[PDB]
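Before any questions on binding or motion, here is one chain by itself as structure tokens, the form deposited in one PDB entry.
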């Protein structure tokens, strides 16, 4: 039950905080609240996250386009999720990389800028789940489906990790 927070290297005014929960019962109520804006942060499918680096790269590109006003989506917390998809289909990206009604483990990512902080004790209070530390993230992540949803290769694993092949389509999809 410990957070993992990292400071954005190009925007050191910002920080990124990761909270992971197991045995969630109200994932459906949780999703409606994200579309409704009640809850703060991005609710992400942890099944397809191989390393916090995947989250930070997405966080970084989201703040960057947020601060330039040229985000491809609406909220910052929704641009984070989208930047995890290997395609540019916004609606497909947020079903497959968000959380869905019958999920039991969810990952919450939120960015605070400078002094403005998030009420992290009100945020956990909304999840009917057991907050576990992100060290537990490997035993939730499923490679069989990381490979499916990222379409990783024969050849791609031969020249590096699968995190590298993922990062390297996240970061170039805006140029086809």
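Take the two forms, find the largest set of C-alpha atoms that superpose within 1.5 Å, and that set is the rigid core. Positions refer to the first chain, counted from 1.
Stretches 52-60 and 138-146 differ in mean C-alpha B factor, with the higher average recorded for 138-146. For the segment pair 42-50 and 26-34, the entry gives 26-34 the higher mean B-factor, averaged over Cα atoms. Residue 67: CA B factor in the middle third of modelled residues in this chain (values from the PDB entry).
Residue 4 sits in the highest third of its chain by CA B factor, as recorded in the PDB entry.
Sort the modelled residues of the chain by CA B factor and residue 100 lands in the highest third.
Residue 154 sits in the highest third of its chain by CA B factor, as recorded in the PDB entry.
Among the modelled residues of its chain, residue 87 has a C-alpha B-factor that falls in the middle third according to the deposited record.
Unshown form deposited in another entry; subsequent notes refer to it.
Relative to the superposed core, residue 10 shifts its CA atom by less than 2 Å between the shown form and the other one. Core-superposed comparison between the shown form and the other one: the Cα of residue 138 travels less than 2 Å. By 3 Å or more, the C-alpha separation between residue 156 and residue 86 grows in the other entry relative to the form shown here.
A change of 3 Å or more separates the two forms for residue 61 and residue 156: their C-alpha atoms lie farther apart in the other entry.
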